[PDB]
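> Only the shape, not the letters, is given here:
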Ligand SMILES: Nc1ncnc2c1ncn2[C@@H]1O[C@H](CO)[C@@H](O)[C@H]1O[C@H]1O[C@H](CO)[C@@H](O)[C@H]1O
Ligand SMILES: [Zn+2]
């Protein structure tokens, strides 16, 4: 199985959709031009 958030959807070069979690639009370029979740997935320790 696997129900974790290790990547979400390849969002390393995305700015930030203004709608956010309540985004009712689903276009092909809208999921690649902006991102809906700004969670940390790379810098959480720095060693
Ligand atoms: N909750 C919510 N999410 C996304 N977009 C939303 C929205 N509430 C309203 N909008 C957009 O604003 C205008 C109002 O003038 C609506 O027509 C919505 O426009 C959406 O439609 C397109 C994609 O289907 C986009 O232009 C998006 O803005
Ligand atoms: Zn959006």
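That came in fine, so what should we check first? Numbers count the residues shown, from 1 in each chain. Ligands and ions are numbered 1, 2, ... in the order given.
> Would you quantify the distance from the residue nearest to residue 32 when sequence neighbours are not counted to ligand 1?
In this structure, residue 32 finds its nearest non-sequential neighbour in residue 14, 7.6 Å apart by CB to CB, 6 or more residues apart in numbering. Bear in mind the C-beta positions are built from the backbone N, C-alpha and C, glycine included. Using CB to the nearest ligand atom, to the nearest Å, one gets 16 Å for the distance from residue 14 to ligand 1.
> Near residue 37, how many other residues are there?
Counted with other CB atoms under 10 Å, residues neighbouring residue 37 total 14.
> what separates stretch 12-31 from the chain centre, distance-wise?
8 Å (CA atoms, centre = their mean, to the nearest Å).
> Which residues does that stretch contact?
Residues lying outside stretch 12-31 but in contact with it, judged by CB atoms under 8 Å, 6 or more residues apart in numbering, are 9, 32, 33, 34, 35, 36, 37, 38, 42.
> Tell me the span between the first and last residue of stretch 24-32.
Length of stretch 24-32, first residue to last, CA to CA, to the nearest Å: 16 Å.
> Equivalent analysis for stretch 19-35, please.
10 Å.
> cool, and stretch 33-41?
19 Å.
> which residues sit against it?
Outside stretch 33-41, the residues within contact range by CB under 8 Å, 6+ apart are 5-8, 11, 14-21, 23.
> Out of those residues, which are close to ligand 2?
Of the residues in the contacts of stretch 33-41, proximity to ligand 2 by CB under 5 Å from the ion holds for 17, 19, 23.
> Let's see if you can find the most crowded of these.
residue 17 leads those on contacts (other CB under 10 Å) with 16 neighbours.
> Which residues of this structure lie near ligand 2?
With CB under 5 Å from the ion as the criterion, the chain meets ligand 2 at residues 17, 19, 23.
> I'd like the contacts of stretch 12-31 laid out as TSV, including secondary structure and distance to ligand 1.
Listed next are the contacts of stretch 12-31 as TSV, based on DSSP: H, G, I helix; E, B strand; the rest coil; distance: CB to the nearest ligand atom, whole Å:
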residue	secondary structure	distance to ligand 1
9	coil	18
32	helix	15
33	helix	12
34	coil	11
35	coil	14
36	coil	10
37	coil	15
38	coil	17
42	coil	28
